[PDB]
């Protein structure tokens, strides 16, 4: 076990398409799947999970290759990875649609499942990352404030295993810089919390898998150009940070091109890591959006 499991939850494994996925699950009721992003694992949801579990069955998987999940056997593009997550969720909700909450590259790895299987998704919450499309080619490499928030896209996508070679042995140092530089509320990331995430990402196959998601990003863009010919029809909510490190208004503005029914919120003073930086306001918004009318 890489992270403490909340009381009332089980840490378990399930083979999907030949790949052994790790997840933490608890609660009773309709299914909500929470999908973490880069630099983290299922554990980023550990404050939201006990709350949602009062009314829902909550499952939080580790993305393939990350946390305690095996790497994918097909590949790291969004459409390939979405298969695993879709099948995992259906094993627990084969007869009813489920809700989906995703953060950061959790968005990349679920959008294809959502758009191709809309009857399976009841409500959708996306936070703090772009859906892979040509808009990401407009983000600046360098800014009047110095170090940009997106230069890691190219570092991670670089060939010759550049990122593995430079970061191996310095995973803790790189991850602290990465996380804090994308945060407004930097203090929430304790020395011990950073050590836990670094321990997980320093596993050789997790270090490589991290970067393979970015190496597959251009293929994800090409996939999504075709997939986005169909708009999303289910109720959708976007969340973005309004502070340093966040997406700001981009998140909702992009989502309006993909979804018919979308409400968006920007959390002021919050950066990229909403579940940890702004837990109480974010948790309330998610629980509210998923509970209303039921």
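Numbering follows the first chain given and starts at 1.
In this entry, 226 to 234 shows the higher mean Cα temperature factor of the pair 263 to 271 and 226 to 234.
Taking the PDB entry as given, 119 to 127 carries the higher mean Cα B factor of the two stretches 103 to 111 and 119 to 127.
Residue-level inspection of the entry shows that, of 239, 34, 257, 63, 257 has the top Cα B-factor. Between the residues 132, 140, 97, 146, the entry's highest C-alpha temperature factor is the one at 97. Among all modelled residues in this chain, the alpha-carbon of residue 192 has a temperature factor (C-alpha) in the highest third. Split the chain's modelled residues into thirds by C-alpha temperature factor. Residue 89 is in the highest one. Ranked by Cα temperature factor within the chain, residue 246 sits in the lowest third according to the deposited record. Among all modelled residues in this chain, the alpha-carbon of residue 68 has a temperature factor (C-alpha) in the lowest third. In this PDB entry, the Cα temperature factor of residue 12 sits in the top third of its chain's modelled residues, the highest group.
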